[PDB]
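Here the structure is laid out as structure tokens; the discussion comes afterwards.
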Amino acid sequence: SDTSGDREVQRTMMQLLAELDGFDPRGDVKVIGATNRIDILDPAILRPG
Amino acid sequence: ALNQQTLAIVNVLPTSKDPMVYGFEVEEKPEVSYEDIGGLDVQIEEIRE
């Protein structure tokens, strides 16, 4: 909290968590995520489901 | 709702402004439904109450 470059990139993060599956399915994605470390990866992504 | 060729009130329309996807939508369909109530049982019951 209290950042001016690490809060809007978290508010687009949150938007994803949350359009991927939620109210409305899936569709047929199956979203291939790719990253490097898990230590600059939010755990919400990193838990399976 | 007005006839713009005369400028005169034709009908009166409900106040609602411009409501899109926003709040309007109501669904509830599968795969998460009220059959998918396997939890976390204490938590669910609290919501019903």
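Labels for the structure tokens follow display order: chains A, B, ..., residues from 1 in each chain, ligands from 1.
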Identify every residue of chain B that has at least one atom within 9 Å of any atom of chain A, counting only C-alpha atoms, and report the result as number ranges by chain.
B: 27-32
DSSP on the backbone, alpha helix (DSSP H) only: what residues of chain B does that give? Format it as a VMD selection string.
chain B and resid 21 to 24 41 to 48
I'd like the contact shell of stretch 11-15 of chain A - 10 Å cut-off, only C-alpha atoms, skipping same-chain residues fewer than 5 positions apart - returned as a PyMOL selection string.
chain A and resi 6+20+42+44-45
Selected residues written out with N, CA, C and O atoms, as a tab-separated table (two decimals), in the first residue's frame:
chain	number	residue	atom	x	y	z
A	6	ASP	N	2.78	0.79	-8.36
A	6	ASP	CA	2.75	-0.68	-7.95
A	6	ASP	C	1.47	-0.77	-7.23
A	6	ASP	O	1.39	-1.24	-6.08
A	20	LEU	N	-11.48	-14.43	-15.57
A	20	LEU	CA	-10.98	-15.64	-16.02
A	20	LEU	C	-11.96	-16.75	-15.74
A	20	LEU	O	-12.21	-17.58	-16.62
A	42	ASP	N	1.80	-13.58	-7.97
A	42	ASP	CA	0.75	-13.44	-6.95
A	42	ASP	C	0.27	-14.91	-6.71
A	42	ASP	O	0.18	-15.75	-7.66
A	44	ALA	N	-2.54	-16.11	-6.11
A	44	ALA	CA	-3.95	-16.35	-6.52
A	44	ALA	C	-3.90	-17.12	-7.79
A	44	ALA	O	-4.63	-18.11	-8.01
A	45	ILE	N	-2.98	-16.72	-8.70
A	45	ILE	CA	-2.52	-17.43	-9.91
A	45	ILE	C	-1.81	-18.77	-9.58
A	45	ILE	O	-2.08	-19.79	-10.21
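You can rank A:5, A:46, A:39, A:34 by their closest distance to residue A:17 using only C-alpha atoms, and at the top of that list sits A:46.
Computed from the coordinates, the atom CA of residue B:44 to atom CA of residue B:23 distance equals 23.8 Å.
Between atom CA of residue B:22 and atom CA of residue A:10 lies a distance of 21.1 Å.
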Quick one: distance from atom CA of residue B:33 to atom CA of residue B:47 in Å, one decimal?
14.8 Å
